[PDB]
Each structure stands twice: as structure tokens, then as C-alpha cells.
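**Student:** Chains as they are written, first to last, in this note's numbering: chain L, 1 to 56; chain Z, 1 to 272; chain C, 1 to 272; chain E, 1 to 255; chain P, 1 to 236; chain S, 1 to 59; chain U, 1 to 59; chain V, 1 to 40; chain H, 1 to 40; chain F, 1 to 40. Cβ atoms here follow ideal geometry from the backbone N, Cα and C, with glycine treated the same way. After the C-alpha cells below, expect a handful of questions from me.
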């Protein structure tokens, strides 16, 4: 599976401008606004499962 | 698989002359310089594997708590009504010298906790106490009294066992980086007075102990011994073994006016 | 599979006349000299196998340690605050005579350690003590006090069990040679005064015992009994059984003015 | 006619030639390489100035005399002020680098003396005070000057006792670390290639030094009769495969 | 309900046993491993790297000088140094080899002893190193020494000489803590001809000496080292 | 009778262990589940919804 | 957790029982065996060698 | 292996590995594409 | 048989049986052959 | 079933069922046949 590689941008397509009045949290990522390099997650989110959270 | 047979030599090819200035240790064998006969190894080097070397339980900590009437005690922590321990492997030196043969080390821990009771002054009997050991990760509320809401430990792993018995559980490698640093030549930030060497890179959690029992008429001393066994060991970059005595958890410092560590000859260089 | 049927004989072939000077024991049977009938063995000789003969636990050592206030004790070892034992199989004679039927012996050991407590003088109660038995191989630091750094035992196998209980573990054959010498007609070097007979060839390690508990108001005597069972036995070269009493661990010496070991007849050679 | 003996290292816009080498050591048998994605964590694209930072900087020279105890430099500290390497260093949040270290000391066939040149990963120093006294920042960041083991104890500084490596271990066992000797009779330089060694993929270049280079006289310098009793030792070091990441405002560090 | 019987040893804690345990942190995900040069797998890997021996032990406080074996110009027939081979004690004891051997009870195998010469390049020398196998005394003169394992070393361009102490033994293991029955011999070194310095040169020259184990080597039965102890627990 | 040995840790209660237990109510039948909008499975699902920060903390 | 019941005899030590035990020295390698003439396997092997009888016991 | 008959007696459940924040993060009636204008 | 779910809870690891001293004993850049001259 | 890893930890060995007294009862160099004269 955490960040893809992304480079300079000069577009008409701006993912960082939104309207929060709508009630959504738009899924913006580091790569929408800076230049990133690939990295992997190495993680599953196992210990935040509700079974785990309420299970001790 | 130890020595091959080898006979007289009169060559232009001399394996025993080398240049140590290069930094290599050339792999010279008995058969390069005497006449040998075949012999087999009969041995694998099993018990020198690092998993084996670091894999037996070592005592890492001895603490003590007491069961007594807390009535009128203004500071439970101070009366040893309960006690914490920030986990370390560098306070008792036996295991410490072993680990510091390496620079970075990675392993799961298996803890065994033995608890025995003492009744140094007149008691009718020996009571049966249950100890509670709570694992308190950094950021959790810390116990203030021996019976705080903290001990509810609703999200924090805790084990309850009886004094005289042993408790045993195993914790995965909790380091923040890829390995634990046995050494760190750095600071936590570029501060002019921040501490040197001691780092979170080594941090393994922390543990709080208490007796669950209320008090009987006599007082009971319970002494806790924590044992630690590394399992699934991985070690990188060997270093020179520790020669001088240790003075502090986490610094390399040795004591002043220490004694010569190399044994002086009783005789000459020429002596046997 | 014990006797075949055999009838009258009038031969030139006499199996019962031999020459013992040769050193052989000729395999003569009932059927060589009387008339027999067939009978079967019905038996295998199972319980005379050397694995069986040396394979049951035998008491090899009884020692004793006490739990008491060490305050002001200048010599813990001397107060039986703790105690060592250099492992042996020749101090209690029952098992010793059995092993010395052979010259070289090779086996794994299974140890059982029973610990019971005694309170010879007025106590309110019986405390519950945990014993620690440390295996101290030659070259390890030896305990000096009952709570030295030694007891950390970070590299040395140690077992913790409760008084009244038993501890059990098994140690591989730790001999330096291919077998343990039950006997050794040699010295450690050609010295004019070095000891004769006693050898490292027999060395099996050594063991140190202590109570982990601090002291209660009374004193408690704990007496340790070590049992040893040979498993995976291999024995070479049978010898004459021991006739006279033993005097020392590791020497063959018998006591002076000992008594006749052969029972004198009450009567003649002719007596029944 | 290639000898182990003559060598040329060209890195960037700078070249070194030695006509009296004794092979070269590559720490742990690994050559410096950039940070692979599979090992990456920070999502930032990194900056690789290449030839402007990966060239040879020659630190100021030392003087070996019969009384010398040895010198110690820390990396990347020693280079904190060299050209654009240094700027990059103070300006990014994180950086990573390997190095080629070339230590030089020539004499004549009448001199004797032998230096140990060793690289120690994570050399945490000891306070000469004992106990749990710390070693202040400035003291472990001597810069190009390095630490002079024959200088006096100072307050908040490290211990400078050579038989103990500045940490409670014996000089004799430093040989377990990548190292090379300079024996006037054999050798005139020592070269060690250092791959990046850390427990994290990239780190801060200012709060943590990841190797100390140490040059220690072991067989004392002995000059021919009526020779001047000393020789200079020069250290030239080149960052290799350097990467910087997390650019911003420019760190301010004590002193 | 399945019927069981518990055996002797139940409830004991043996620091050397290896079993499963519940994880206190169910479901936790450890940090990924990244690559780090230098991984060690066996202590046998590292005792083959040679380290310096403080052979010149004759000082009174630890000094860089006890690593230096001195050589005198123009002496003939004489002896350069001597030592027994109790690798767990004496000169050997602080070396990495000595230091690891001390974590085990028994050792077997060949040792590699080398000497690197540091004298001016225009000097010359011929030394003899001799290994004396157990059973005889430390040699008292070269004649005595030369009848056992030996190497005539000719000091040249090639600066180091590697002598091997081949495993000579009845019993297949020796004790690391010095023991008689189990003893390994002596190592001595003498002038074969003599050190000669060039003109304009003077004084003593020194040899550095190293020790490491051959690939031959075996160590077994781990135990605690006499090389480290303590009187109270340390704190931060 | 099968021979056993008990290990260190026997009888301990670790609040984080996960094992089977006898049911006190053998054979009881729980109420059927009906559908309810909004099921959460991971705390990671919810920390992606944004909420307001009291940035102006100065009161 | 599997349900068990312990029988009479639990915890006893019978010097003649034969069971497994943990090794105190995990991973240790014993010295190789070499050949030695004379191996004995059964006491029945040796009681077939004849030995002298002190028949004249009258001393 | 379950040793017991009832389902309540089994150990903890196993990770949903479900994970779909959109019911919480994007419950809008007309779909919003990142990059397209929020309000047209 | 593992009785437990997590990997940390398993017993000790099993012998590397890796063993390669050359990173420590021969980290030289140009390969040295035993028997050939050290310095050419 | 061995529950333990090391060989020393296994139970007792099992009967040699070897049994050959001739090394002890007839170690003579020239073979003696029962019934034939001992000394020829």
C-alpha cells in the first residue's frame, strides 16, 4: 500500500479550495499541495478496530 | 565439515605474510604454516547465535512496595504504598554489558515478574496478597494514590497475580525507530543545555505496581523482581566490550580514579 | 526363544572339559551335561539394560540454607545465608557403587530438587519462601552475599521454585571428553605434589542456592535435596564391584583396619 | 602495473592521488547509496545537490608530535561550514549522507610511527565528571577543529583519556570498527568509505552526529636524528550520495 | 473436562526455558525494519576480527604503551617476549577474543597470533615466534624454543606475520578460566638474527601484536563473565 | 491421565489476553440485529471527519 | 482455554517415572563420541564372565 | 478450537478490516469531485 | 503450535545459521587473495 | 511427542536389545569350539 510521487502543478484544477459549508471533509493529501516521493504504509490499523478498542 | 591434510611447502606463495595496515584480518589457518591431518568440526556454533546469547531471562529490576494502613499517609508513592519503574535494561549491569556489544538491537520482550513477601516484624500470619502491575505508556495518567481511578486501567494492559507466584506476558518491540539505540551521540534538539546521550530512542514504556489487598493488622513487605528475555533478536554493528564500571543509566561515563583494568605482569615482558 | 531337549550322550566330544587358563568363559549349558526337556524363556532382560539400571532418580546431595536477618553477618556463606555445591555423583554411596561398575559413562542428567522448610523454634507461622538455584559453570563470578550482582544470573541458567515444591530441569552431557571418567590413573600435570585421581574429566558444573525472600520475624531452615537420574546412558569397560567402604569423593581409598568383607563360615569348608 | 598502492579518487570537481596507499576500507562492506522508497517515511521529495556537495573538503591540518594523544572529529559536524554542504545542512530539517575519508601523513624511510584511523558509528562520549554528568552540545560539536585528546578536561566537555576511547572501552578493541593503520614504513594515507548507518531512514544533521572519525598515534612518532620532531596529519573528507529534505527557515544552534 | 496429572517442576521459572506467552499489546504494529549495514548473527563471526593485545603489561596504570612490544637494535640470540596461553586471563583477557571467551565455559580451536612491525623502512630484522604445546615449560632459550611450532619471520615490505597456534590437544575442549589439566602451552619470540637500524636512526622500535580466532574455533556452555559487577542498581 | 507441567504465569489475569469462557446463560437467544445507519469499524474512520479547533484560546 | 481436571498423584515425584524436562543449557553441543572398546549394554552380559569364589571361607 | 457450545463464549472477534469513512466524511447528496469547484 | 495470535508471543527464534564474517574481517575495497602479496 | 527442542530433554532411551557377551566371555585370539579340546 502512503504517498505517491507527485511533481510541480500549474493547473485550473485546484483540489485544495473547497466549501466546508457542505458538511463534507474532502479527502485532501500531501501530494495535492507539495511535491512528494513514494512511501508505503507498512501498517494496517489493526489496533484501532472497535473490537480491539473495547476488547480489554 | 575443521582441518584438511597438508604437507611440506616450498613456495613463492606465502599466505602468512600480510599487511595489517589494510584493516583486514586475513583468514589464515593451521594448515598454512604447519603440516596437518584431516579432522572434522563436529560442531555448529548453535549457542553463540545472538538469539541464544540474548535469549535467556536476566534480572532487570528489583523494587518494593508494602501493604499497610494508608490512613494519614500524605504521599502513597513515598510510603511505597505503590511504585512505578520506567523500563530500562541498563540499570543492573550483567545484561547491560551483553547488549552493549551491539549498537542497535531489535527484539520482542518476554517479562517474568516474581513477587515474594517478607514480614520483618511480628505477624500472626502471612496474608495472601494480589499484586497488580500496570503498563503505563507515556501520556497516560500516572497513579497518585494506591487506589486512584488510574488503577481501573480500562485502556492500559495490567496483570493481577499473587505474591509468591510469578506473572509472565510478552510485549512486542515497542521502539519508535527500526531498532533501539544502544548508543546515541546526539541530543533531543539543538539546545545548549539539553541532556546528551539519554534518548527516547530506547524508551520501552514504564510499569506501576501496587497490592490490591486492603491492610491487615501487621505490615507486609513485597519485593518485586522483573526478569527480561529477548526473543526474535536482531543486532547490528558490533563494538568494543565495556571495560570500566558503569555509573549511570544511559551515559557511557565511567568513575574517576578507577583502577587499571589490564592486569600487570608479575615479572617481565619475558615472563611466562 | 531356554533349554532344548537333549538325551543320553556317549561321545568323544566333551563340552564340559575346558582350560580356564585361556581367559575365556566357555558357554556351557545344562543340556551339555544332563538330559533336558524343552522350555522357553518367556523373558527379555529388559530391566537389566544399563539405561534402566542407571535411569531412576537417586539422592545425590542434601544441603541447607536459612532465611534470617543478615544484618551484621560478616559472612553470608558461613551463616548458610546461601550455599553452593560442586556437582558430584560420588558423595552419597548408593548411586556411586552403581556407576563405578563401569570405567567411562556418558549420559544426560535430569535433576529434581526438593526443598522443605523447618521452623525449629517458635514461629507464628510458616512463611512462603522461593528458592533460587543458580548453575555456576567454572569461571563465572561466585556469589559472595545472598544478594550480590551474581544472582542477576543474566547469562547463567537459574530456576526459582517454592519451598515444599520441586524443581526439575535436565542438563545435556557437559563432559569435556567423550565420556566422564569414573576412574583416572593420572595427574593434571607432571607435578611432584599434584593431587592424584581427582580430575576435571568428571566435572559437571556446580550449583548455588539461596532464598529470595527477605527475613520475617522468625528464622526458617530450608533443607535442599538434589536427585539425579541418568537418561541416554552409555557405559564402557565393566570393573570389579566396590568391596570396602568409601572415604573420599574421587579417590579409591578405603579405611584402615576395615573389617573382613568375606563372611567367615560357621563350620568347615565341608559345612552346608 | 596496478598496485594496491597507487589510487585516484575523483568526486565532484576534486581529485586525490595517493602513491602509497594500503587498499581502502568500505565500512561493513557496503558502499554509500541513496534512500530507497521502501525504506522512506517522510513524504517530502528530497534534494540531491550532487556535485556541489559531493566533493572533497580538506579540514585544517594537525601536528603529530611525540607528545600527541590523538584527535577526534564528528560527522556531519566537521563539515558544518564547508561550502554548500554546510548551507544545505542548516537549511533542511533532515539530511542523510555517506563519506569518503582520506587521512594523509607522509614522512621518510628513516621515520617510524603508526596511527590508527577508525570510524565509530554512534560514538556517545563520557563526561570526565563521572556519575551522570552530561557532555554539553558545544563540546560534542567542535566543528572542523575536532577534539584534541591531549587538551585539558573542560567543564561540560567529554573525558579525553585515550586508553578508554572516550567511553569506557579499551583502545585495543577499536579494531572491531572499520579502520586502517598509517605505518610510516608502509603506508602514507588511510581511506575509508562510510555508508549511512542509522536506526531511522533520515535524521537531523545538527542534533545527532552519526560517526566520529578518530586518528590516534599508537607507535609514537620517532624522527631521524636531528630531524624536526613532528609531522603534520591532514584529513580530507567528501560527502557522498547526500540528500536533504524538509527545507525551511535555517536552524540556529547553540554557541 | 480432560484428565491431567502435573509433574515435578510445575510452576518453576527456569531463566533458560523458551515458551509462548500472551502479548500484553494485542494487535500492535511494530515499526518497519529499514536496512542497516553491519548485522551480526553469531559471536563466532566477530571473534575472527583481530584486535591488539596489551602484551607489554609491565606498566602500573593502563597506558597506550602496554600495546607496544619494544625491540632493541643489535641484540643477538635473546628473547623478545613470553606469555602462557590462558586466553581467558592475563594479556588476552581484555582483548575482544578474551572478552567473549569469558562468556563461555569451554573453548576449542586454532588461534591466530600476528605481529605488525613499525620500525623505519630502512631497518631489517629476523625474529622467530614459537608455540610450545602443553607438557613442557616455557622455553628458556631459542634452542629450546625452536624445537616446537615456530615461524622465522623476515621483516620486509609485507609488514605483518600471522602465526597460527594450531589446536594441539588430547581432550577436545579446554576451560576458558585457567585450568591445569586443560592448559594450552606457551608462546615466546626471540631474535633470529637481530634488529639493525639504518644510519641517522636510533632507539627502540616496536611491534604491535593482534589476536583473533581461526574458523576452527568452538565456544560452548554460556555463563556469566568475571569482567563486570556492581554494588547498587544504577539510576538515571 | 495425560502428564502436564504448568509454566510461570499460570493463574494470572492479564486484562488484555483473549480466551474462551463458559457462558453463564447456556442456550439463550439474543435479540435479532436490525439495520441502523452509521456503523463505525475503526477509530481511523472517524478521525478523518474534521472538527473545529478552539484556536483563539486566549479567553 | 481447554477444560482439564487433575487426578490423584498430581505433583508427586516418583524416582522411577520417565518424562521430558526443559534443558537448562539450550543449544549446547556435546563432545563428539569417539570409539572405546568394551561397551556394556545389559548386566546380563557381564554376569556370564566367571569369577573366583572364596569357597575356603574358614579364615 | 472452540471448547464451548455457545457463541458468546468464543474469544474476541478479528479485524473488521472494513473501513469506509465516507458515511462520515462525505455524506453529501450530490457527489463532490476533488479538484472540481465545490460550488458551481 | 502457536496458541496465541500475535507474533511477539511465540518462542525464541531458531539459529540464524547465517554467519559471514567478511563484513567485519575483510571490508577492503580491492579484494585480497591469501598467498598473493598484500601490497603490490 | 517431544515438547522440547533439545535432545537432552527427552525421556529415557529404550532397550539396547544389543547384548553380546563375547567381548567379555571369549576374548581369545584363536576361536575355541565347545566340545573340541581346549588345548591341542
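Measure from the alpha carbon of residue 211 of chain P to the alpha carbon of each residue in P:220, P:114 and P:6, then state which is nearest.
**Tutor:** Sequence index remark: in the fifth chain, residue 211 of chain P carries index 211 (1-based). Closest by alpha carbon: P:114.
**Student:** Could you list which residues in chain E have their beta carbon closer than 9 Å to that of residue 34 of chain L, in chain order?
**Tutor:** Numbered from 1 along the first chain, position 34 holds the residue referred to as residue 34 of chain L. What residue 34 of chain L touches in chain E: 43, 44 and 45.
**Student:** Where are the alpha helix (DSSP H) runs, 4 residues long or more, that stay fully inside the region 50–110 of chain E, in chain order?
**Tutor:** Correct list: 83–91.
**Student:** Would you kindly work out how many angstroms separate the C-alpha atoms of residue 96 of chain P and residue 173 of chain E, rounded to a whole number?
**Tutor:** Stepping through the fifth chain from its first residue, residue 96 of chain P is reached at position 96. Stepping through the fourth chain from its first residue, residue 173 of chain E is reached at position 173. Whole-angstrom Cα-Cα distance: 6 Å.
**Student:** What residues in the region 118–136 of chain Z bring their beta carbon closer than 7 Å to a beta carbon of chain P?
**Tutor:** 135
**Student:** Compute the distance between the beta-carbons of residue 182 of chain E and residue 114 of chain E, then report whether it is under 9 Å.
**Tutor:** Taking the first residue of the fourth chain as position 1, residue 182 of chain E is located at position 182. Taking the first residue of the fourth chain as position 1, residue 114 of chain E is located at position 114. A contact, by the Cβ cut-off of 9 Å.
**Student:** Is the region 181–197 of chain P touching the region 5–20 of chain Z in the sense that three or more CB pairs, one from each, lie closer than 8 Å?
**Tutor:** No contact exists between the region 5–20 of chain Z and the region 181–197 of chain P.
**Student:** Rounding to the nearest angstrom, what Cα-Cα distance links residue 7 of chain S and residue 12 of chain V in this structure?
**Tutor:** If you number the sixth chain from 1, residue 7 of chain S lands on position 7. If you number the eighth chain from 1, residue 12 of chain V lands on position 12. Rounded to the nearest angstrom, the two C-alpha atoms are 24 Å apart.
**Student:** Just reading off the beta strand (DSSP E) that residue 45 of chain P is part of, what are its end residues?
**Tutor:** Here residue 45 of chain P refers to the residue found at position 45 when the fifth chain is read from its first residue. That residue, residue 45 of chain P, is in no beta strand (DSSP E); its alpha helix (DSSP H) goes 43–46.
**Student:** Less than 9 Å between the C-beta atoms of residue 228 of chain E and residue 66 of chain E, yes or no?
**Tutor:** Along the fourth chain, read from residue 1 onward, the residue named residue 228 of chain E stands at position 228. Along the fourth chain, read from residue 1 onward, the residue named residue 66 of chain E stands at position 66. The answer is no: Cβ separation not under 9 Å.
**Student:** Figure out for me which residue from C:36, C:169, C:67 and C:154 has the closest Cα to the Cα of residue 9 of chain F.
**Tutor:** The count along the tenth chain starts at 1 and reaches residue 9 of chain F at position 9. In this structure, C:169 is the residue among C:36, C:169, C:67 and C:154 with its C-alpha nearest to the C-alpha of residue 9 of chain F.
**Student:** In chain order, what residues of the same chain have a beta carbon less than 6 Å from the beta carbon of residue 101 of chain P, not counting five sequence neighbours either side?
**Tutor:** Here residue 101 of chain P corresponds to residue number 101 of the fifth chain, with the count starting at 1. If we look at residue 101 of chain P and ignore the five residues flanking it on each side, its Cβ neighbours are 87, 88, 107 and 176.
**Student:** By a C-beta neighbour count over all protein chains shown, 10 Å radius and 16 as the cutoff for buried, is residue 13 of chain S buried or exposed?
**Tutor:** As a working note, residue 13 of chain S is residue 13 in the sixth chain. Result: exposed.
**Student:** Measure the Cβ-Cβ separation of residue 114 of chain Z and residue 227 of chain Z and say whether it is below 9 Å.
**Tutor:** Counting from one through the second chain, the residue named residue 114 of chain Z turns up at place 114. Counting from one through the second chain, the residue named residue 227 of chain Z turns up at place 227. Against a cut-off of 9 Å, the Cβ pair of residue 227 of chain Z and residue 114 of chain Z comes out as a contact.
**Student:** Going by C-alpha distance, which of C:98, C:171, C:221 and C:23 is nearest residue 123 of chain C?
**Tutor:** The residue you call residue 123 of chain C lines up with position 123 of the third chain. Nearest of C:98, C:171, C:221 and C:23 to residue 123 of chain C, Cα basis: C:221.
**Student:** Could you give the DSSP three-state label for residue 100 of chain P: helix, strand or coil?
**Tutor:** Position 100 of the fifth chain, counting from 1, holds the residue named residue 100 of chain P. DSSP, reduced to helix, strand and coil, places residue 100 of chain P within a helical segment of the structure shown.
**Student:** Would you decide whether residue 51 of chain Z is buried or exposed? Buried here means 16 or more other CB atoms lie within 10 Å of its CB.
**Tutor:** For the purposes of this step, residue 51 of chain Z is taken as residue 51 along the second chain, with counting starting at 1. Residue 51 of chain Z counts as buried, since no fewer than 16 other beta carbons sit within 10 angstroms of its beta carbon.
**Student:** Could you spell out where the beta strand (DSSP E) holding residue 195 of chain P opens and where it closes?
**Tutor:** Here residue 195 of chain P refers to the residue found at position 195 of the fifth chain. Element bounds for residue 195 of chain P: n/a, residue is neither H nor E.
**Student:** So, does the CB of residue 46 of chain S fall closer than 9 Å to a CB anywhere in chain V?
**Tutor:** Within the sixth chain, numbered from 1, the residue matching residue 46 of chain S stands at position 46. So yes, residue 46 of chain S belongs to the interface.
**Student:** What is the rounded straight-line gap between the Cα of residue 122 of chain P and the Cα of residue 130 of chain P?
**Tutor:** If you number the fifth chain from 1, residue 122 of chain P lands on position 122. If you number the fifth chain from 1, residue 130 of chain P lands on position 130. Taking the straight line from one Cα to the other gives about 26 Å.
**Student:** Starting from residue 199 of chain E, find everything on chain H with Cβ-Cβ shorter than 9 Å and list it in chain order.
**Tutor:** What you label residue 199 of chain E is simply residue 199 of the fourth chain in a count that begins at 1. Within 9 Å Cβ-Cβ: nothing; residue 199 of chain E doesn't reach chain H, min ~18 Å.
**Student:** Run through the region 78–119 of chain C for me and flag every whole alpha helix (DSSP H) of 4 or more residues, listed as ranges in chain order.
**Tutor:** 93–99
**Student:** Quick one: which chain E residues come within Cβ less than 8 Å of residue 261 of chain Z?
**Tutor:** On the second chain, residue 261 of chain Z is found 261 positions in, with the first residue counted as 1. Near residue 261 of chain Z (Cβ distances below 8 Å), the residues of chain E are 170.
**Student:** Closer than 8 Å, Cβ to Cβ, to anything on chain V: give me those residues from the region 8–20 of chain S, in chain order.
**Tutor:** 18, 19 and 20
**Student:** Please work out which residues of its chain come closer than 6 Å, Cβ to Cβ, to residue 150 of chain C, disregarding the five sequence neighbours upstream and downstream, and give them in chain order.
**Tutor:** For the purposes of this step, residue 150 of chain C is taken as the residue at position 150 of the third chain. Once the five neighbours on either side are set aside, the close Cβ partners of residue 150 of chain C are 141 and 143.
**Student:** Can you look up residue 177 of chain E in the DSSP assignment and give me helix, strand or coil?
**Tutor:** Taking the first residue of the fourth chain as position 1, residue 177 of chain E is located at position 177. Three-state DSSP puts residue 177 of chain E in coil, outside helix and strand.
**Student:** Closer than 8 Å by beta-carbon distance: list the chain H residues that pair up with residue 17 of chain Z, in chain order.
**Tutor:** On the second chain, position 17 is the one that residue 17 of chain Z refers to. Those within 8 Å of residue 17 of chain Z in chain H are 37 and 38.
**Student:** Based on DSSP bridge pairs, tell me the residues matched to residue 51 of chain P.
**Tutor:** Reading the fifth chain from its first residue, position 51 is the one you call residue 51 of chain P. Bridge partners of residue 51 of chain P: P:211.
**Student:** Report all residues from its chain with a CB closer than 7 Å to the CB of residue 13 of chain E; omit the five preceding and five following residues, and keep chain order.
**Tutor:** As a position in the fourth chain, residue 13 of chain E is number 13, starting the count at 1. Excluding positions up to five away in sequence, the list reads 51 and 55.
**Student:** For residue 175 of chain E, count neighbouring C-beta atoms within 10 Å of its own C-beta (all shown protein chains included) and say buried if the count is 16 or more, exposed if not.
**Tutor:** Against the fourth chain, residue 175 of chain E aligns to sequence position 175. Per the 10 Å Cβ criterion, buried.
**Student:** Name the two residues that bound the continuous beta strand (DSSP E) containing residue 63 of chain C.
**Tutor:** Taking the first residue of the third chain as position 1, residue 63 of chain C is located at position 63. Counting along the chain, the beta strand (DSSP E) containing residue 63 of chain C begins and ends at 58–67.
**Student:** Taking residue 231 of chain Z as the query, report the chain H residues whose CB atoms sit under 8 Å from its CB, ordered along the chain.
**Tutor:** Here residue 231 of chain Z refers to the residue found at position 231 of the second chain. Simply 8, 10, 11, 12 and 13.
**Student:** So if I threshold CB-CB distances at 8 Å, which residues from the region 35–56 of chain L count as touching chain V?
**Tutor:** 44, 45, 46, 49, 50, 51, 52 and 55
**Student:** Report the rounded CA-to-CA distance for residue 91 of chain P versus residue 19 of chain F, giving the unit in angstroms.
**Tutor:** As a position in the fifth chain, residue 91 of chain P is number 91, starting the count at 1. As a position in the tenth chain, residue 19 of chain F is number 19, starting the count at 1. Their backbone Cα atoms lie some 53 Å apart in a straight line.
**Student:** Mind checking residue 159 of chain E: buried by the 16 CB within 10 Å criterion, or exposed?
**Tutor:** Numbered from its first residue, the fourth chain carries residue 159 of chain E at position 159. Label assigned to residue 159 of chain E: buried.
**Student:** Taking its Cβ as the centre, do 16 or more other Cβ atoms sit within 10 Å of residue 264 of chain C, making it buried, or is it exposed?
**Tutor:** The sequence position of residue 264 of chain C within the third chain is 264, counting from 1. Exposed, since its Cβ has fewer than 16 Cβ neighbours within 10 Å.
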